[PDB]
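Chemist:
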Amino acid sequence: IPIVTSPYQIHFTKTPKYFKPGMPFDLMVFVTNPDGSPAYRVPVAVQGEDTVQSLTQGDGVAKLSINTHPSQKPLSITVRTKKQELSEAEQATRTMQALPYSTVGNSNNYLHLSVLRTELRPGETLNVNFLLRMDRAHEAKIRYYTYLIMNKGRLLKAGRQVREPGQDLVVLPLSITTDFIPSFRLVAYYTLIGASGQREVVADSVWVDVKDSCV
Amino acid sequence: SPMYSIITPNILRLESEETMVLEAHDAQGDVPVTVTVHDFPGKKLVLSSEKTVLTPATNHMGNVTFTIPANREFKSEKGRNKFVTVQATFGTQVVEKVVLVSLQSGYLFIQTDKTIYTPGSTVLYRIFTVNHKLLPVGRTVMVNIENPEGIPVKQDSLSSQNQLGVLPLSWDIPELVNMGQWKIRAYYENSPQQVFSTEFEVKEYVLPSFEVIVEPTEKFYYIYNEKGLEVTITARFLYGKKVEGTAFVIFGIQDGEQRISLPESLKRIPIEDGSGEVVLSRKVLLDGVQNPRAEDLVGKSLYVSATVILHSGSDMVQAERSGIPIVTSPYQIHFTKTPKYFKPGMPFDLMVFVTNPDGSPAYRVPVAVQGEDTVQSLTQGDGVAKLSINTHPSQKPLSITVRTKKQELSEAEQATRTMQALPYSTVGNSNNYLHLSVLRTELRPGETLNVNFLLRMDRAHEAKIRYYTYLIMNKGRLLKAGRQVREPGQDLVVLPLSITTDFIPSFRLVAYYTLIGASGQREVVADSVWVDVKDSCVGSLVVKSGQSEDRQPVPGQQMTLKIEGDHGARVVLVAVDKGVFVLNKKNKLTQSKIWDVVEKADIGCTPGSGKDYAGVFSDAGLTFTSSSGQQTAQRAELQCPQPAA
Amino acid sequence: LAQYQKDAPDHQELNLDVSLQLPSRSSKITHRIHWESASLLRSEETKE
Amino acid sequence: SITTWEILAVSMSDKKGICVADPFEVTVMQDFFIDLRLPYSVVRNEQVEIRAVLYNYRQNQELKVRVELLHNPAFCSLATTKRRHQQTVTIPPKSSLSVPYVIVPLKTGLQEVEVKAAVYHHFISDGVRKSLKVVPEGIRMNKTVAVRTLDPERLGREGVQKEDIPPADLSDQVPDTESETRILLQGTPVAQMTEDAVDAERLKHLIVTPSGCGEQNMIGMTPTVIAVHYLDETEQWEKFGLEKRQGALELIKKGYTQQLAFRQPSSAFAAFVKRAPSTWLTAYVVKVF
Ligand SMILES: *[C@@H]1O[C@H](CO)[C@@H](O[C@@H]2O[C@H](CO)[C@@H](O)[C@H](O)[C@H]2NC(C)=O)[C@H](O)[C@H]1NC(C)=O
Ligand SMILES: *[C@@H]1O[C@H](CO)[C@@H](O[C@@H]2O[C@H](CO)[C@@H](O)[C@H](O)[C@H]2NC(C)=O)[C@H](O)[C@H]1NC(C)=O
Ligand SMILES: *[C@@H]1O[C@H](CO)[C@@H](O[C@@H]2O[C@H](CO)[C@@H](O)[C@H](O)[C@H]2NC(C)=O)[C@H](O)[C@H]1NC(C)=O
């Protein structure tokens, strides 16, 4: 039975440590009870502005997101609970610092992945969003993304998602089956020849969790 | 010069709070704004209150409120449309817009102790008086009781002020009475044209001691089923024990409002272990009708009438199941939750509503787009499936067809639906769009919702878009509005939105940006989407037993009734024998039917999007007007334009 | 044409004052029939 | 009453609004009991059968029951004060048994019937006392006395009308039974006497901007002023356009502004301030204003 000052314990273990400068960044905050059990419906907030809050989901994860500026400087991240009636001294907090994504030669050509955060059950569909970020002089050369699915130490699924000029954001419906249990990573990349005739490869990845059940 | 803007709903209501949103775009320094409401036509002046200052610190924002009164002068015209025009003064530049007025003032719900009564007995009834916000209001209500042919026999007039919006009343039925359907009709004093009603039955009856349930295996009939319609009989006493007896069951066909009976479909089965089963074969059906075509049977409906008597011979109950459709498909697909306007050159979301033939939502049926078999999705719990396409910059309408892919079922059994979407028209065909994308789940209060804003324009003007302007429409009024700032290079921004009890049952999110583009021309681009919220109470009222043991109490015994609920609320109770509902369970009021009436009073007519920025707001239920000249389309009808169907 | 409308002529001129003399005769039931009550139903019940 | 009660509760909160709770069910029951199932009504002085149902829900025990119909001064049967009408029956376990009785109603009204039963070797008993309506022979009739038209201007002459309603003769009325006289009045809705108005299709052209001299300003102001007044009384702004009245208000207000520039210092009007004042034009503006 722990002896602590705060009825909660916040962890960035499930939070990505690298943000995209000038691009929105998602924060997956893992809030737990002192023993290690997930906390339910505790409102945590970003250090900047008390208005940006969110209540923890059923699995002990809270969803927050920021809109990063094109700053190449690391971004300080601090999350703090705002549970009512409890004093500020009782509110848990955790602090980390994220690092910026580095493009090929700092060309400022990025790929951004964004995915829904909910208790995912096999048999439902998931919309994967692919966002291209680059100067539009080279946007016509990106006609597709190439994605792969890693699950349980092996490649489960892979394919192409076509893209037309001017459509920086594309949506790919993905059906979740029992094979994606317990968790999987989605990697994606595009390629082109830019600058003065030089090969450029930009990549991105994201980790997804699946709800506990039998195959 | 900066552009001033006023945002108000399409239709304003009497005797209710009306949100007024004032904004200035690209403004510099402070600007005082005075508010005034005039009558229309003519000038008599109905309200002169309220003023505010749009501040660069507040991003030139300011929300103010007003309330439209009701007197003998307002309540004069009852049958035709009348309007009032609010004028807004931004410093010295005045902006004004004519607005539609609704003569409705709130809601009326009527509860009775029973659904069916005896001559010479007492009728107890309570009326809950709430405004459009479902909060207790104190107003004078006019109630009338009419006979089967519509003759008012008893009428009341009373104020619920200081009674917390509850009017408990009573009335005695004489023995000299015409049995049949009797209706209670009520309307507020300041809104005589908005009439509410609920019905009850008068009969010479005695309550039975057991219930009869007629359960079809499927709530529909597939024509080419060789076995025919299977209907399971279930019967039990009112206290929960199994019934032993013999049943006589008969079938029939319902065509429109006229019912045809099949005499030879009669069967006689004993009821054993509190249950029975009877099957109407396909051959008997074809023999019952004189039409040998099975195609003509599609679209008609069946009904079942059962007569059950105990093996003691002392009681008898008649039960009925009706409206069982005769269809080719066990499902019905609808684009009702899908927007009818797509963005050329941008991905578009499809919200497909698949239902069972009766009208109930279907669960976990896999539907797919007709074009390309790879895109499939299973329906969620509320009968909605998520599909999406990658649109080409085609200015030609795009045909969308969805077809279910449920296994084992034949292609003839697969439901399908076909529609054609329309392209969004930009200002001068500038091809500068706004795209909204939002998660699709059963939204419960206490969760956060991430709204995604995607900007589309040439990067020569992307630095000029420094903010978005968003508003939330819920239950015919503006609930929340604000700005979301944007820095250069951030075409996509995310805004977490927290869902509270106020967003029930559904809300629309509109958003827009503005700038001076093309060759020096003001441009306004808008987008919208309609979101559903899970049906539930605003608070939480729970009734349970205080005792934890001594199952099945004894008649007359004292027991403890435990009621858990929000602090400060007033609770009304009624305990009825379930036998009355076995005789008549119609007109039973519930929370879901309350949210059903609210949705039927919504002024929004489209699940978002639109032909242009003006159609976005006009379809959502908003009026927009600026100092520059851009304004919403004129609307003079309270109702929503009817689909072609 | 505006003066034709505005106070547009109409067929209603209802101004009926109707009263009843009851067998009990404790009071005389009296009602008025105007335009707003043109098609209004008035009903009364005696127990004899 | 032995049944499952459905308890409906609705809450009223000034902050959380109205809420209809889920119906709550309370199942009241007794292991052994009787159910006397009467008809809603019975005809006076005619023998009828009543059905009393006795329930035994033991899983392995059949019960020997003494069931008795008690004496009644309003009903005739074998039950008298000296002689009771009692039977001894046996009910198998998990079953029900009905014991019929024969009675005769003797007097009208909501009269009382009572039955009792007790089992041997267990001290478990039940009794049912219910009332049912004893109705004399006959049936309802809703005959009409008279239907007539009221017209004081036409009937009675000189704005006054008087008329009687004779009582119904109804020689077939059952003695000492209620009889209501239902009086209904309904006025005669008279409409029409209105001719069609101009549909405002081709009237959209009368929006003219005032300009020119004083009389020329009145020429441009003339059609715009009367048009808004015509559309107001015809309430045809739905077809014409609600936004166009606000635009016409600016032009009419603008015409009133330009008209005062040609006003003579003696409150007279002419084409110019140099021109002699026009008596006709002065009267025309008064008619317009
Ligand atoms: C890799 O190749 C295999 C070939 O075995 C692919 O599996 C087939 O996928 C198609 C999808 O159209 C199915 O219809 C076939 O039934 C599959 N093959 C078998 C043997 O079942 C697979 O899709 C390819 N890609 C990946 C990522 O595995
Ligand atoms: C006598 O009373 C009856 C009601 O008991 C009335 O007639 C009813 O009229 C309705 C139409 O509005 C029918 O649906 C019912 O079936 C009628 N009932 C009958 C015929 O018993 C009416 O007030 C009187 N009718 C007669 C025939 O005397
Ligand atoms: C409109 O203005 C009202 C001012 O009365 C705002 O209400 C206040 O909002 C702030 C921040 O949300 C709260 O801290 C205050 O407590 C609110 N006032 C009261 C009396 O409680 C309202 O939020 C504004 N709405 C919009 C959409 O701008």
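Protein chains in written order, with the deposited numbering: chain A, 324 to 538; chain B, 1 to 645; chain C, 1257 to 1304; chain D, 776 to 1064. Even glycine gets a Cβ: it sits at the ideal position worked out from N, Cα and C.
#1: Since residue 220 of chain B sits in a beta bridge, which residues does DSSP pair it with?
#2: Identify each residue in the region 412-426 of chain A for which the Cβ-Cβ distance to at least one residue of chain B is less than 7 Å, and report them in chain order.
#3: Can you pull every residue whose C-beta falls closer than 6 Å to some heavy atom of ligand 1, listed in chain order?
#4: Got a sec: is the Cβ-Cβ distance from residue 178 of chain B to anything in chain D below 9 Å?
#5: Just list the beta strand (DSSP E) runs in the region 883-968 of chain D, keeping only unbroken ones of 3 residues or longer that don't cross its boundaries, in chain order.
#6: Could you tell me which whole beta strand (DSSP E) segments of length 3 or greater appear in the region 371-427 of chain B?
#7: With a threshold of 16 other CB atoms inside 10 Å of the CB of residue 434 of chain A, please say whether the residue is buried or exposed.
#8: What's the C-alpha gap between residue 789 of chain D and residue 502 of chain B?
#9: For a quick check, are the C-beta atoms of residue 13 of chain B and residue 101 of chain B less than 9 Å apart?
#10: Tell me which residues of the region 962-979 of chain D have at least one Cβ-Cβ distance to chain C shorter than 8 Å, keeping chain order.
#11: Quick one: what does DSSP say residue 48 of chain B is sitting in, helix, strand or coil?
#12: Can you find the residues in the same chain that come closer than 6 Å, C-beta to C-beta, to residue 470 of chain B, ignoring five residues on each side of it along the sequence?
#13: Below 8 Å on the Cβ atoms is my guess for residue 778 of chain D versus residue 803 of chain D; work out the distance and round it to an integer in Å.
#14: Let me check one thing: in DSSP terms, what residues is residue 559 of chain B bridge-paired to?
#15: Using only CA atoms, which one of B:300, B:9 and B:379 lies nearest to residue 476 of chain B?
#16: If we count the other Cβ atoms within 10 Å of its Cβ and call it buried at 16 or more, is residue 247 of chain B buried or exposed?
#17: Which residues, taken in chain order from the region 442-461 of chain B, show a beta carbon closer than 7 Å to some beta carbon of chain A?
#18: Are the beta-carbon atoms belonging to residue 431 of chain B and residue 487 of chain A less than 9 Å from one another?
#19: Have a look at residue 587 of chain B and residue 134 of chain B and give me their C-alpha separation to the nearest angstrom.
#20: How would you label residue 922 of chain D, buried or exposed, when you count the other beta carbons within 10 angstroms and need 16 or more for buried?
#21: Taking C-beta to C-beta, are residue 342 of chain A and residue 398 of chain A nearer than 9 Å?
#22: Quick one: using the 10 Å Cβ neighbour count with 16 as the cut-off for buried, is residue 992 of chain D buried or exposed?
#23: Starting from residue 334 of chain B and walking both ways along the beta strand (DSSP E), at which residues does that stretch end?
#24: Quick one: list the residues of chain A neighbouring residue 493 of chain B, beta-carbon separation under 7 Å, in chain order.
#25: So what's residue 619 of chain B in DSSP terms, helix, strand or just coil?
#26: If we count the other Cβ atoms within 10 Å of its Cβ and call it buried at 16 or more, is residue 25 of chain B buried or exposed?
#27: Going by beta-carbon coordinates alone, are residue 362 of chain A and residue 403 of chain A separated by less than 9 Å?
#28: Output needed for residue 970 of chain D: all residues of its chain with C-beta closer than 6 Å, excluding positions within five of it in sequence on either side, in chain order.
#29: Tell me which same chain residues have a C-beta within less than 8 Å of the C-beta of residue 897 of chain D, skipping the five on either side of it?
#30: Grab the span of the alpha helix (DSSP H) containing residue 1021 of chain D for me, first residue to last.
#31: By the DSSP assignment, the beta strand (DSSP E) with residue 992 of chain D in it spans what residues?
#32: What does residue 959 of chain D touch in chain C if you count any residue whose Cβ is under 9 Å from its own?
#33: Taking the continuous beta strand (DSSP E) assigned at residue 313 of chain B, which residues delimit it?
#34: So is residue 437 of chain B in contact with chain A if we call contact Cβ pairs under 9 Å?
#35: Using only CA atoms, which one of A:392, A:401, A:376 and A:458 lies nearest to residue 334 of chain A?
#36: List the residues that DSSP assigns as beta-bridge partners of residue 67 of chain B.
Modeler: Reading off the structure:
#1: When DSSP reads this structure, residue 220 of chain B sits in no beta bridge, so it has no partner.
#2: Among the residues of the region 412-426 of chain A, none has a Cβ less than 7 Å away from any Cβ of chain B.
#3: In chain order, the qualifying residues are A:480 and A:481.
#4: Yes, contact with chain D.
#5: If we require 3 residues or more, the beta strand (DSSP E) runs fully inside the region 883-968 of chain D come out as 884-894, 900-910 and 956-961.
#6: Segments of the beta strand (DSSP E) lying fully in the region 371-427 of chain B: 376-378, 384-389, 398-404 and 416-423.
#7: Residue 434 of chain A comes out buried.
#8: When only Cα atoms are considered, residue 789 of chain D and residue 502 of chain B end up about 14 Å apart.
#9: One thing to note: residue 13 of chain B has its Cβ within 9 Å of the Cβ of residue 101 of chain B.
#10: The region 962-979 of chain D vs chain C, Cβ under 8 Å: 962, 963, 964, 965, 966, 967, 968, 969, 970, 972 and 973.
#11: In the three-state reduction of the DSSP assignment, residue 48 of chain B falls in the coil class.
#12: Hits under 6 Å: 511.
#13: That belief holds up - the Cβ atoms of residue 778 of chain D and residue 803 of chain D are roughly 7 Å apart, short of 8 Å.
#14: Beta-bridge pairing links residue 559 of chain B to no other residue.
#15: The shortest C-alpha separation from residue 476 of chain B is found at B:9.
#16: Burial call: buried.
#17: When C-beta distances to chain A are compared with 7 Å, the residues of the region 442-461 of chain B below that value are 446, 447, 448, 450, 454 and 459, in chain order.
#18: Their beta carbons are not under 9 Å apart, which means residue 431 of chain B does not touch residue 487 of chain A by this criterion.
#19: Separation of residue 587 of chain B and residue 134 of chain B (C-alpha to C-alpha, rounded to the nearest whole angstrom) is 20 Å.
#20: Residue 922 of chain D is exposed by the Cβ-count criterion.
#21: Taking 9 Å as the Cβ cut-off, residue 342 of chain A and residue 398 of chain A qualify as a contacting pair.
#22: Result: buried.
#23: Secondary structure note for residue 334 of chain B: its beta strand (DSSP E) is the uninterrupted segment 332-334.
#24: Here the neighbours are 347 and 390.
#25: Correct three-state label for residue 619 of chain B: helix.
#26: By the Cβ neighbour-count rule, residue 25 of chain B is buried, with 16 or more other Cβ atoms within 10 Å of its own.
#27: In this structure, residue 362 of chain A lies away from residue 403 of chain A, with their beta-carbon atoms at least 9 Å apart.
#28: Correct list: empty, nothing qualifies.
#29: Hits under 8 Å: 838.
#30: Counting along the chain, residue 1021 of chain D sits inside the alpha helix (DSSP H) bounded by residues 1018-1034.
#31: Under the DSSP assignment, residue 992 of chain D falls outside any beta strand (DSSP E), being part of the alpha helix (DSSP H) whose first and last residues are 989-1008.
#32: What residue 959 of chain D touches in chain C: 1297, 1298, 1299 and 1300.
#33: Looking at the DSSP string, residue 313 of chain B is not in any beta strand (DSSP E), and its letter there is neither H nor E.
#34: Interface criterion met: the Cβ of residue 437 of chain B is under 9 Å from a Cβ in chain A.
#35: Closest option to residue 334 of chain A, judged by alpha-carbon separation, among A:392, A:401, A:376 and A:458: A:401.
#36: B:17, per the DSSP bridge assignment.
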